[PDB]
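Okay, here we've got a single chain as structure tokens, the form deposited in one PDB entry, with questions on binding and movement later.
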């Protein structure tokens, strides 16, 4: 160990650690979860520190030689070379002060290995506060997770569902309402519904981006911008947009709202919770369709990871959706509980919304590639059941009457025969209608209004 210091005095730190006294106090203050910042959060903090140093350089506030050392150390952090140098718990001071200092101290220690002396606060934290930096890094990470990762994953799941919709366009089967047999549909129509739910999900994520991408940077301690250049925010956002290509990043509409609240994360979590609700419906329908092989619905076979495969990716999708619903409740609870100039639930809210992005992204790709793409339908079986259902006798009423239609339905179920065969067996052809009329009235694919 080695001795390091802060406005509170002297602290023993691991001899080899790149962090300093404030990070070490945080390590001892918050042994709560045993988990620290994720890769995406560290990347975002590195991106922001490099952008701040660039702007401080461009305004002549920071010596070119200091700004270059910060930019080089922050690039190393952003690329993942120092992840083991971020040991602070998620459950830390609610501004994320502790992780901001962690980034500053690590950058100063990297710079010192290259013979440049940087102060963690005076130079690395120049024109910045914890109050504006940790929420900015959080919104960068969330905007990147939405745009670069979740929307493409959802687009892959949409396309896999839409491909099934087309492949199964004529795969007629009984409709089910209240779990009870109903008039015919096609598997393709049901898959077109699932596809729409995922396309609407993408629309919900895109709708939240104008507020999710709002950055607090430039507001400093309380939103007033004191101790920062009047244009710090716009210059830093411009640098981040050029480095990331995330045109969704923008300066906050109101600098006070951007620090006093995290309502953009709450809004975005609502979109993710809606996607979780959609995925639960899609996954539950698929596992029920694949149920059996004898005593279940036996409509489709899921690919193995026969018709005896356990629906393991529907189970992973429904467990992920439950987690997103829980995370969403935690996010809203933190979002509501800000006071005055600062919401002090940022580390917990960041943990939850970034996890929800990650789980939905990863499970959506797995579901698309390793379940949806490989589903096979019991086509002839589905059609036979549709042709054997009491639900399709209604179009006979005007020819044979209500009472005889009911007797046809009862006999078809009892003898396990089609409606067409039961109408013929009861001797109804000729007096009431012809074979041509029967085949028109009982065409289950036409009843599904597909071609």
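If you superpose the two forms and keep the largest set of C-alpha atoms that fall within 1.5 Å, you have the rigid core. Numbering follows the first chain given and starts at 1.
*Asks:* Of the other PDB entries for this protein whose models extend past residue 307 on both sides, does at least a third leave it without coordinates?
*Replies:* Yes, left without coordinates in at least a third.
*Asks:* Unmodelled stretch from the deposited sequence between residue 305 and residue 306, which bin: none, 1 to 3, 4 to 9, 10 or more?
*Replies:* Missing residues, residue 305 to residue 306: 4 to 9.
*Asks:* Determine, for stretches 246-254 and 269-277, which one has the higher mean CA B-factor as deposited.
*Replies:* Result: 246-254.
*Asks:* Hey, which bit's got the bigger mean C-alpha B factor in the entry, 391-399 or 378-386?
*Replies:* Per the PDB record, 391-399.
*Asks:* Out of 341, 181, 122, 144, which residue has the highest Cα temperature factor in the PDB record?
*Replies:* The C-alpha B-factor peaks, among 341, 181, 122, 144, at 122.
*Asks:* Whose C-alpha has the highest temperature factor in the PDB entry: 37, 62, 44, 419?
*Replies:* It is 62.
*Asks:* Could you place residue 105 in the lowest, middle or highest third of its chain by Cα temperature factor, using the values in the record?
*Replies:* Highest third.
*Asks:* Would you mind ranking residue 111 by its C-alpha B-factor against the rest of the chain and naming the third, lowest, middle or highest?
*Replies:* As the PDB entry reports it, the C-alpha B-factor of residue 111 lands in the highest third of its chain.
*Asks:* Relative to the other modelled residues in the chain, which third contains the C-alpha temperature factor of residue 347: lowest, middle or highest?
*Replies:* Residue 347: CA B-factor falls in the lowest third of its chain.
*Asks:* Using the temperature factors of the C-alpha atoms in this entry, rank residue 326 within its chain: lowest, middle or highest third.
*Replies:* It belongs to the lowest third of the chain when residues are ordered by C-alpha B-factor.
*Asks:* According to the PDB entry, is the CA B factor of residue 203 in the bottom, middle or top third of its chain, that is, lowest, middle or highest?
*Replies:* Answer is lowest: the recorded C-alpha B-factor places it there.
The same protein also exists as the form deposited in another entry; that form is not shown, yet it is the one meant from here on.
*Asks:* Give the option from 382, 47, 62, 412 whose C-alpha shifts by 2 Å or more between this form and the one not shown; the alignment is on the rigid core.
*Replies:* Shifted by 2 Å or more: 412 only.
*Asks:* Does superposing the core leave residue 421 with a CA shift of 2 Å or more between this form and the one not shown?
*Replies:* For residue 421, whose C-alpha is compared between this form and the one not shown after core superposition, the shift is 2 Å or more.
*Asks:* For residue 28, is the CA shift between this form and the one not shown at least 2 Å following rigid-core superposition?
*Replies:* For residue 28, whose C-alpha is compared between this form and the one not shown after core superposition, the shift is less than 2 Å.
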